[PDB]
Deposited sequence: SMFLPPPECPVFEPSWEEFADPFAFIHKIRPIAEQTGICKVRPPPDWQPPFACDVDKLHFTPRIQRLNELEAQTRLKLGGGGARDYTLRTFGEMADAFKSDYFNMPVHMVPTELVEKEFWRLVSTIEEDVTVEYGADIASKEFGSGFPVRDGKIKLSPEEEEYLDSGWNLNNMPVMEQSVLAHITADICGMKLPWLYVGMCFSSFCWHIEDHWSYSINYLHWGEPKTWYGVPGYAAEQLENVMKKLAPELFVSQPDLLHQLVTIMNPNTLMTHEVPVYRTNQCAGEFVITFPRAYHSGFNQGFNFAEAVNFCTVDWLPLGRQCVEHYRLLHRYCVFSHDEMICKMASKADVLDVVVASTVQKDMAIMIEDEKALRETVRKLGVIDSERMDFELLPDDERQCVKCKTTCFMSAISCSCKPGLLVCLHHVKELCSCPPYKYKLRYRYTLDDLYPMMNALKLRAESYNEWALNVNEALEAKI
């Protein structure tokens, strides 16, 4: 009546057999889970990775958070130990409800969360931790350095050890040579009661997977990928400020918003409570948000399967229309894989080949168009050697790799081939087409992929 909880998302309990290969399992559940945006995965009962750490030696810098619906917050980019944060967090929850923490029902924290973010006369602020792994604070999973016990070595090479799943081969994001620490390295999250993550989708519409190591549960809301734009239209009406253009990736604006508001406007929404030892997985372009029930510790990582490759291209196109910055060049990643075709998995090779074929036909068309605009001079250019901030289209901010237009009039500036009219005022004959590969270089790269795929 005040808050009507959305229906529960799917929950999976795979056998040890199904659980063996994470990528095969995810592909199996995909037709179900992609209809709901998020899903939960319960490992087999004995799969229990050793969590061990000293609570006094792990230090981190707290972030502070105000809890107001529709208020703008910026995406992440004093000092507590894990012990002193835990003491703060438990005392906060205990004093808020005048109860012992394990007696506060999850139903009630959820109802209360949505009450307090909507009421203007309540200025509740909370603190939390969010960072990628480092020397002061490292993965909750076992890693190779210090001598390990025989049980830790069981879990060293697991696919569900989230340090590994970046650099596995059923994935496509791992052969990216370009550093993208923000995207392919695990993030660590220390929660407390009501600390919250705003509605968002992952960069390049990737998957993500989140493991709760220990502590009180984490409440999630998710929207399936097909409803992404309905959600965005609802957000535009109620909070147009979050949609003002922004000069950086470090400046994206996000917000808290009641799922009942979305459901009233006919957006499908699902929920779950994630408990300790459980995985939540999010699918491409699935919006999600949530909040912590109490003191806890989670670890999460982005990833990309072969299924995702077409969506990845559509995402970069969508960023161009929006003038949004990219994290990496998609075409650069495709060509890097093509150049390693002999050592690729064969299903990977087949799917890359299909994306490459589309890339090449689009590039052919674009080059013909700029030639008819009077750009005649051309020269090969190794785009992958340029720092990213040195090869963005002046107009749409896309990261160039296949080709760009330059002019000696504006040294160092580039436009992609969609924005040739936007570089400067000189006539086209003064312009130059800079290209990574000729069409003749490209067709044999694709053929190598076809042979590997048979």
Note down, first to last, the deposited-sequence stretches for which the model contains no C-alpha atom. 78-83, 152-153, 463-479
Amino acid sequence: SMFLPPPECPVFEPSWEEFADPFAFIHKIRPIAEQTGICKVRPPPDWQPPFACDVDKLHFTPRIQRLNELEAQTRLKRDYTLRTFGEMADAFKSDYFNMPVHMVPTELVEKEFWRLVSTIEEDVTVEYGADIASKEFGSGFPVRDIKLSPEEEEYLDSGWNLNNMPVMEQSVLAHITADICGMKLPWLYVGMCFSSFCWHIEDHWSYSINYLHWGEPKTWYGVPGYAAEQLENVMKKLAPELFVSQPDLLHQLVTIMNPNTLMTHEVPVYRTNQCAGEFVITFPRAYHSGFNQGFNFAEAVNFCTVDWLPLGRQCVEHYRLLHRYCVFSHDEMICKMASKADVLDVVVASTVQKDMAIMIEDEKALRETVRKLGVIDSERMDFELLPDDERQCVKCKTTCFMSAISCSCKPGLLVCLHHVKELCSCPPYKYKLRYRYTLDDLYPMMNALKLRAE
From here on, numbers count along this sequence of modelled residues.
Of 240-248 vs 194-202, the stretch with the larger average CA B-factor in the entry is 240-248
Select between 14-22 and 428-436 the stretch whose C-alpha atoms have the higher average B-factor in the entry. 14-22
Comparing recorded Cα B-factors across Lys184, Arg83, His323, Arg313, which one is largest? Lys184
Based on what the PDB entry reports, which of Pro105, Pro166, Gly374, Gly129 has the top C-alpha B-factor? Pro166
What third of the chain, by the recorded C-alpha B-factor, contains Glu361? middle
Lowest, middle or highest third of the chain for the C-alpha temperature factor of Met2? highest
Looking at the C-alpha B-factor of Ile281, is it in the lowest, middle or highest third of its chain? lowest
Position of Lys218 among the chain's modelled residues by C-alpha B-factor, lowest, middle or highest third: lowest
Sort the modelled residues of this chain by their C-alpha B factor and say whether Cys53 lands in the lowest, middle or highest third. highest
